[PDB]
Amino acid sequence: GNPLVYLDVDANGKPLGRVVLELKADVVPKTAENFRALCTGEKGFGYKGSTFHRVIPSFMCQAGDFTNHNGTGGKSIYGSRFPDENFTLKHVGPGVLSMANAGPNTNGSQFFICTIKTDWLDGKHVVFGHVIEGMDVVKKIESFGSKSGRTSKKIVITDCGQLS
Ligand SMILES: CCN1Cc2cc3c(cc2NCCC1=O)OCO3
């Protein structure tokens, strides 16, 4: 019984499409629930209106800093940060959804979608889902990144929520 959630993403105020994500509540229920609730906005804050602020081609697209919009912020539905739940799921390839962090037990709201296998992150970042559809939209986001991570257009999650 895993949630399906979605992100609708713009680049410079024009739609790129929808990314649909499965959240692995079966393996990482606490981490999946955080992301699910941040998509619906049901706790009074979440991803709607925030940005993909760090996008690195042939690596990943990072988002979820809805407090500072720059990679230094974000917060979970539980509090500012929560522990690493487990490292059972691995960074096996493109489309993996994983938590950004600033060291052990610092999960908040920032997350990334991989565009390659990032196996050097295994055991260090908590993987909690993957792209079901809209990988083409992720590739569009990726194309507005750079090796530095800085984006050439403002990439915004205009809407997000739960499909099932
Ligand atoms: C670690 C400081 N800080 C904000 C933060 C920044 C991050 C991150 C996770 C968090 N955690 C949420 C609350 C918190 O304590 O991963 C990438 O940059």
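By the numbers in Swiss-Prot, the shown part of chain A spans 44-207.
If you check the header, you will see the structure was determined by X-ray crystallography, 1.3 Å.
Backbone N, Cα and C atoms are what each Cβ position is placed from, and that goes for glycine too.
As recorded in Swiss-Prot, the features of this protein are as follows:
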- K67: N6-succinyllysine (MOD_RES)
- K67: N6-acetyllysine (MOD_RES)
- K86: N6-succinyllysine (MOD_RES)
- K167: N6-acetyllysine (MOD_RES)
- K190: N6-succinyllysine (MOD_RES)
- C203: S-nitrosocysteine (MOD_RES)
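Taking the C-alpha positions, the distance from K86 (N6-succinyllysine) to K67 (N6-succinyllysine) comes to 20 Å. Looking only at the modified residues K67, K190, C203, the one with its C-alpha closest to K167 (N6-acetyllysine) is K67. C203 (S-nitrosocysteine) is 27 Å away from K190 (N6-succinyllysine) when you measure Cα to Cα. For the pair formed by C203 (S-nitrosocysteine) and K67 (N6-succinyllysine), distance between Cα atoms is given as 18 Å, rounded to the nearest Å. Listed modified residues: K167, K190; maximum Cβ neighbour count within 10 Å falls on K167. Cβ crowding, taken as the number of other Cβ atoms within 10 Å, peaks at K67 among the modified residues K67, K86.
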